[PDB]
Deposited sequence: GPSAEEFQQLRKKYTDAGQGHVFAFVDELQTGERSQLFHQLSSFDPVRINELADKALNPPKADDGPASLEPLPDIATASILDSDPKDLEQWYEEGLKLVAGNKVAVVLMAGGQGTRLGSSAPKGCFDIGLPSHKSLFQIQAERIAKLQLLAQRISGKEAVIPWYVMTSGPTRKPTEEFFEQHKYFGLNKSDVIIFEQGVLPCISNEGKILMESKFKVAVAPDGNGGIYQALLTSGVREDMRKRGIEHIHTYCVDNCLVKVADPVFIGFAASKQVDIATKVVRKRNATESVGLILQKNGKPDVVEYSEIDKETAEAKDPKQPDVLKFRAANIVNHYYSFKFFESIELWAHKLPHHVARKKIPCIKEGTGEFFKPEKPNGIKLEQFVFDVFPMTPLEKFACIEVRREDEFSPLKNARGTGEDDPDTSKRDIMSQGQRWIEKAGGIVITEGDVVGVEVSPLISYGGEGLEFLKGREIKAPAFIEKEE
């Protein structure tokens, strides 16, 4: 294990930093436990922890308008000829092996109450497919469509960001499913980083006598993680130029959506993002807007209930701020090549939490009654203000085709397994109907390997399908 000299130098650092309590139980640790504590403490800089705690617990003490029209767009307002062109252009970029996907799948799904990673969840479709599998098959299908135009292999590498709680069960799940028919060599599971949890008094919390309480560093942890994992280097080696980044929990996510990629690429933006119309004042969504001349987002946990209810001057029964973030982002690869210059600039969001820890005295593991500390998180959209308005685009899409998050346990009424299932099977039915199918009957599941977004269903014209149904290969 670590030498006595190594250990004393670490202890000095932490003690000088006012964090020497992390060594309170060293004298009763086994060799292994002492080794773990040494290595874990060595991974943090206690002076930086003090910097973070200070900014969080003693923060320094609203030019806030809707995004201007130059930076916004809407599928509803689009010329269908342009939609067709951007689709074709996106598919051509996929065919050129220029498109990558980053999946943010490090969330714990604590509102959901599942023991498995959220992506593994079965929302009760006829197929019993997981969110992960549905997403993988969307990638597979787009590759197939792209190969029809190129006559060459089309690959969309899938970079799956997990946390400590999610990584091993995620990798096992992918292996057990043989990567859902994608090539293992083009799917990379990597981990985001963590930050120490900090007490209300600014002290590192000890989960045990030999372990610091940590949490994942928020989805804004993506950027630093792309470097350390080797993912950015892999994207460079493959000639990636366009990246779609999204959240695992959206059962309708149009993975590597070619219209979105084609549109972004055509406008030559650094960053593009999708929104839907906020469904009410209390919806738990970030709001995309202009702050101090800059594109920005106000998260639902940080907005004041006055700006959430701010009504349109012209239309007093409609909300001023209603561009709901659906966690569907486009980046240029050039944007990723500059991460090192601004990753440190991202703010740390503060959440007060009940962090299980050791009774600072006994050493007994105790679940606190009231919030005893804070967790720090970076948010993926806090890059938006680094980007000029002219290199940013915010597009409205249709909720019922694009956004159906799995947030809550079954039996909630909203953003749960039942709404997810309903939205998927309603989507399938609408596509079949538009293609001339007659659905008797609620809804029909259409496999992504049959249809990515409504195409390829001509074979169903005139046919009668008894709902509920599952259309597959």
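- Within the chain's deposited sequence, the coordinate-free stretches run 62-66, 447-450, 483-484 in sequence order.
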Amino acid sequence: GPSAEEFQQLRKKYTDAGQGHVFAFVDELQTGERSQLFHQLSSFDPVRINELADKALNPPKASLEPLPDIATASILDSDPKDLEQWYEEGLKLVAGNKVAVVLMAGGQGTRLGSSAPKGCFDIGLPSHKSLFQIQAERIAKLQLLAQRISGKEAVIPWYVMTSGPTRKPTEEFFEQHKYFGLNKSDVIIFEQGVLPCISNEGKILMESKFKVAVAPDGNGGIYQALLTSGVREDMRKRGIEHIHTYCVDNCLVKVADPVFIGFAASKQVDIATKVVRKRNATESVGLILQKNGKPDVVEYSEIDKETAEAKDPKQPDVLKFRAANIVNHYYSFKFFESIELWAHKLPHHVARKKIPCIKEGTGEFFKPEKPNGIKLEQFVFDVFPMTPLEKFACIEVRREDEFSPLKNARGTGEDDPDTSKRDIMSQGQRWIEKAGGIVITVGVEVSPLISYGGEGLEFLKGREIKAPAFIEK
From here on, numbers count along this sequence of modelled residues.
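Rigid core: the largest C-alpha set superposing within 1.5 Å between the two forms.
- The segment moving more, judged by mean Cα distance from this form in 5 other deposited structures of this protein after a core overlay, is 353-361 among 130-138 and 353-361.
- In terms of root mean square C-alpha deviation after superposing on the rigid core in 5 other deposited structures of this protein, the stretch standing farther out between 172-180 and 142-150 is 142-150.
- Omission of residue 61 is seen in a third or more of the other entries compared for this protein where the adjacent residues are built.
- Mean C-alpha B-factor is higher over 351-359 than over the other stretch, the pair under comparison being 351-359 and 117-125.
- Between 19-27 and 445-453, the higher mean Cα B-factor belongs to 19-27.
- Comparing the listed residues 341, 376, 146, 394, the entry records the largest Cα B-factor for 341.
- When the C-alpha B-factors of 50, 40, 404, 412 are read from the PDB record, the largest value belongs to 412.
- The entry lists a Cα temperature factor for residue 206 that places it in the middle third of the chain's modelled residues.
- Per-chain ranking of the deposited C-alpha B factor places residue 297 in the middle third.
- When the modelled residues of the chain are ordered by their C-alpha B factor, residue 109 lands in the highest third.
- Split the chain's modelled residues into thirds by C-alpha temperature factor. Residue 315 is in the highest one.
- In the deposited entry, the Cα temperature factor of residue 421 sits in the bottom third of values across the chain's modelled residues.
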